[PDB]
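The data below hold one chain only, encoded as structure tokens and taken in the form deposited in one PDB entry.
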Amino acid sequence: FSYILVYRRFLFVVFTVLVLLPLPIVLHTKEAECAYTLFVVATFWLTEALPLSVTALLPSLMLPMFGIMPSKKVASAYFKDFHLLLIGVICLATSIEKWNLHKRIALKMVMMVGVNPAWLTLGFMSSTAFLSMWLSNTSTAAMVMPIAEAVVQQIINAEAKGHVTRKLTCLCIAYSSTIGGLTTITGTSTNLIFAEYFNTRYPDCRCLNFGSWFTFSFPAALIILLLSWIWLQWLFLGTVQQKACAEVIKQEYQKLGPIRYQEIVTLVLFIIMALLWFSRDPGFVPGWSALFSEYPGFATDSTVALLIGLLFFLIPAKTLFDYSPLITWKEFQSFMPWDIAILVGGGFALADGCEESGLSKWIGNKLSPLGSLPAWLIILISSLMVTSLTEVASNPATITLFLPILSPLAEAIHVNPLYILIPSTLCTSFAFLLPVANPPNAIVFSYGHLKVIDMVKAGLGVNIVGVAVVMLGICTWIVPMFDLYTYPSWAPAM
């Protein structure tokens, strides 16, 4: 009977594949065939019977076999615009670890803030969420991660518990970067789609702008961040030695030497890449996106990462009778996480197979017959629906689905069409459970410290915190701003 115990994750794979086969065979519709794929692929990284990148190739195997989408179309989703930003930023992250730009930022910050385990997991949440309201969510988690990984590395190495304090700064960065993106419109991509859709569906309204979006979400994002900091720190880890452990940090700073030539070039290109992401289209000032304002939406944040990320292959670093560049590409293929680029692309082919089948439209059509309900319960069914569907799909894919559904739903029962749209837009970007749903969650699995069950157990509590603040906010301190109780005049009559 002991042979079952050692092969417990091989018999499990052939079980759930065969026992769920009555679902797409008895039922013949393509919604029941995409639901079989969404039940098999999703439970293969929850229980983790297989590695995470093998199950991401399973969308590209049974979606052509069921007749949902061809093999040419399911293969064009494993490399999207996320991977051009992902490639061009780990050409920067490679050339700061080789020339050791970190350990000169981590051995300078630790001897300025002190070796405190409790007040350094708040400086990584309050500075990330301030940096995230100007940049994107992906480009913020890609910069502050190789520096804050070196900070927790040096404090552990200055001991002359370590496995559980590395899961904090991985999770406090993936969560604070998406929490700080709720504050402004141009802070994330989900808030920009809602701003474009509301200004054309309801013209002559004129309320949503910079500053008006801030003062109803900045009190909402500050309570979530201060409650996530208590919840994340308690779940993982709830001066005769301090004087000795503060001298190892100073002594390791002396053997570095002066700052060389090859660290200033990476420090300069760390700034120009950050001063071009911020100055692209900041909304309240025109930027260099108004120079290309004849082919709009062509040059994105991924061409900025490739413009400076490919300059590390050119700049000379050390003479040899050739020269040597900064990154040389031989130690780039060993530094690039090639398992994340398949795992993220596997979640993109599943969000494109649900749209082609109709399973995303099937769930959204069940929300429209809820007209015989109170005005607060129709939010509560809708707000937990978008948080569930955003764990398998991307955030710009869920908001374009539900905005043409909730807009005729917010006109038949004479309710204001911002009392439903606002608590469904903020809860769209509450992707905390799976790393296939959020690109800030995928620059956190590229370090090998967290498991999948450590994100589900620690991200399920942040969703209850995140929903209960917006549900509190939709009744207090937002209803005097946009007047969410009376039916407005920029809406249809009947």
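Residue numbers run from 1 along the displayed sequence.
FYI, the form deposited in another entry isn't displayed, but the following is about it.
If you split the chain into two rigid parts that turn against each other between the shown form and the other one, which option among 467, 401, 113, 348 sits at the hinge? Hinge located at 113.
Distance direction in that other deposited form for the C-alpha atoms of residue 284 and residue 483, relative to the displayed form (3 angstroms or more): It is closer: the C-alpha separation of residue 284 and residue 483 falls by at least 3 Å in that other deposited form.
Given a change of 3 Å or more, say if the Cα atoms of residue 431 and residue 81 sit closer or farther in that other deposited form than in this form. It is farther: in that other deposited form, the C-alpha atoms of residue 431 and residue 81 lie at least 3 Å more apart than they do here.
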